[PDB]
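In structure tokens, one chain follows: the form deposited in one PDB entry.
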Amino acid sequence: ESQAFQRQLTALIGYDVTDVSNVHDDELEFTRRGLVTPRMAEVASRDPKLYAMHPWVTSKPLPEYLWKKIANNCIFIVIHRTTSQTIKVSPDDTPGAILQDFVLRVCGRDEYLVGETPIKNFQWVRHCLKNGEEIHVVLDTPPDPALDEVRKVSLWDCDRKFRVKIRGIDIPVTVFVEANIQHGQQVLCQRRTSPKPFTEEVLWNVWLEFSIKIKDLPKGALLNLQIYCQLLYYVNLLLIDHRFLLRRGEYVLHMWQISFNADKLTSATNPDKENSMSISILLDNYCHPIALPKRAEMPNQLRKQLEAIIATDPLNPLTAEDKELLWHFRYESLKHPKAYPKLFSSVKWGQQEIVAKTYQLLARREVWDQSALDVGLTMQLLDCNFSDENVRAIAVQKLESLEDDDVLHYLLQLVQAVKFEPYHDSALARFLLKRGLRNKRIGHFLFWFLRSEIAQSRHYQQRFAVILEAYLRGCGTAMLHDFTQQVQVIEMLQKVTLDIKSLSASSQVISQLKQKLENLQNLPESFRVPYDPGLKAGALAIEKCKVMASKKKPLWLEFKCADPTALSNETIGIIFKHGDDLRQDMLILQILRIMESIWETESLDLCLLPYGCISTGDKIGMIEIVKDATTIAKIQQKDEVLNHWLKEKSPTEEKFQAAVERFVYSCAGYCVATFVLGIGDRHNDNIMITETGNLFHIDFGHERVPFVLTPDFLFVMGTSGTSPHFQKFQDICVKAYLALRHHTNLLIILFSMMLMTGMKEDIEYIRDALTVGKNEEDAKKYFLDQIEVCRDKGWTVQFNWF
């Protein structure tokens, strides 16, 4: 009756929030309760007119390469209604001024040109100008905002030393327990139990007295229990709870097994109980509830020493002297926003006094607030190394400066960063709740970015599910309708992918596929595309649908577009795959999209193709089909072969000369990008190219060479084992490489988090690849040398690949 809505949300999320069986406290229920207010606040504050039409706009400057297309200076936008007419408009002209009521929707898209924004500052206008396409719009009627209607004793006096009683470890099928007090990645104090023979049950009943006191336990503290026999099981328990109270009583904790990592920081217990390892522990209880309460300059030499510490890379660890230097002169270090991550590492979190000294130091934020926004440091303070609620919130406060365009560039990386938050309700989760609820595009990607983890991560599904339910409860009836239509389709397409895979390691398979898709089309008739929400896919082209030939078996699906106002009847091609982890490809594609923005600021377009890719469920998702594209393997199935393929598929010579240029930029782009990320040693079948000349890597799901610059690519430029194109390539390569190096800290910390949340020494790769330390001229030469490593090898490495 009154519960029907929750069972609808339950099916959208893919996990039950009301079901509380793997919970030892009430944090999820308390954060479900606490999340109501920032949803109520956002639902109410959003302009219902601009919420319904979600104009995807930017406040960033129009790039160098895009002002080349505009001349007079005017742009042509063709308005449709059967009868169409072109209108010459100034780049700085508002959409209403063009209209001279009615709205300017994009043809075949739920994309609109609205608000007090210049047309040059629209993401669809910039997109068309980049791709050299016409701006086809339609004089449509604004959508009803009615469709989005939303349904409605003190701690610092407990000077006693802390202790935990290790009762034992009950397991269904030598060993010792390692008890740790943790804050960030920094272990405060360790204690082990005496080794005992490994059996079905191992009792100890011994108390482990720690060096740290109750008073000195920081908000965010963790009792991390580990089972060593060398590490085999782990579990965590927040010593300070959500209601600021120290943990008391008996706790049985089901432990996570093994095979550093974000999964190893989780406060959640293992849901499996009949097969998992447990741990009975006792925590000292009291009659009254224990509750946590709330100059000189610097000499020229010690200034230079501190300046060198700030200027180093994030991965560079601080010594004991570096930590003392930074802490003593914290008031100076506070006047340099770049020192904050390193300074907040230098503080002794296991000392109530040193913590209180930081908390009051942070009240002098006049300098941090007034600073120019840096995503680098903001992401730095949100990682595993920072467990303090206050420090993290200073980073979340800067995320408010980010306009909807930028929130989209880091939505996935911010969603992952929630894994490092000690408590469920956090400034970050709330931040992602505001931005998702304010914007429909952000909200759509939020849904899928959260649903990605809820369905595959047993470690963080609990936390993420309460954040999804909170977003869902405020998006409005329209988005809730759209998501049911997406869930219903992917859940339908999930069975088909799995049933077909359970028939192969042919005509039988291809007939059985259409035999199943037939009893599927007879709901829904339309659904938004999870990786491109503007595009609405209609009914299937069941005759075009096939099962793909590789080691894995994906579903090549083609859907007609639901919008009849579309320019072409070109179907929407979607790959539905199983057995591969799309969570890592999502992460790689995101850094690629970030790299492009870095190049945009530096006035460069390296023509990357970061194809839509959404992780949907348990090792299953969907991938965008790139139209008129094939792999290098299919083009070979040597030197001449690619340039012969480009001319052959090219209509005019004008278009071919465009095809070789689109090749040099995209090739240089994938050369710099895949090198930095360390995914350049890839097989020919994992490198694609459009009939337009647009090259792009794929299958990112986890002798040597730095990148792929084979002779067939070189022959396209006009070189065999210099050229006017190869010189243009080398120059744009360096120009692109040096741009990414200006954002070292950003890339370093983006990669670091990517590793921990998606997948110590492995991370160190970007230090060397982004040539940390070396000057602008030394890096130019270093990259040009890596070009020559590909020239020397040629077909060697490509041949080596089995």
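For clarity, a rigid core is taken as the largest C-alpha set superposing within 1.5 Å between two forms. Position 1 is the first residue in the sequence shown; the rest follow in order.
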item: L155 not built in a third or more of the other entries; value: yes
item: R441 unmodelled in at least a third of other compared entries; value: no
item: Chain break class for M759 to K760, judged by how many deposited residues have no coordinates; value: 4 to 9
item: Deposited-sequence gap flanked by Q100 and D101; value: 10 or more
item: Residue range whose averaged C-alpha B-factor is higher in the record, 315-323 or 436-444; value: 315-323
item: Of 705-713 and 424-432, the one with larger mean CA B-factor; value: 705-713
item: Candidate residues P341, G678, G132, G612, the one whose C-alpha B factor the record puts highest; value: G132
item: Among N236, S506, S333, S457 - the residue whose C-alpha B-factor is largest in the record; value: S506
item: Ranked against its chain, the third holding the CA B-factor of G621; value: middle
item: Third of chain Cα B-factors occupied by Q485; value: lowest
item: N775 - which third its CA temperature factor falls in, relative to the rest of the chain; value: highest
item: Assigned third (lowest, middle, highest) for the C-alpha B factor of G115; value: middle
item: Ranked against its chain, the third holding the CA B-factor of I748; value: lowest
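The form deposited in another entry is left out here; the points below concern that form.
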item	value
Rigid core superposition between the shown form and the other one: residue from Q301, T199, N275, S401 with Cα shift of 2 Å or more	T199
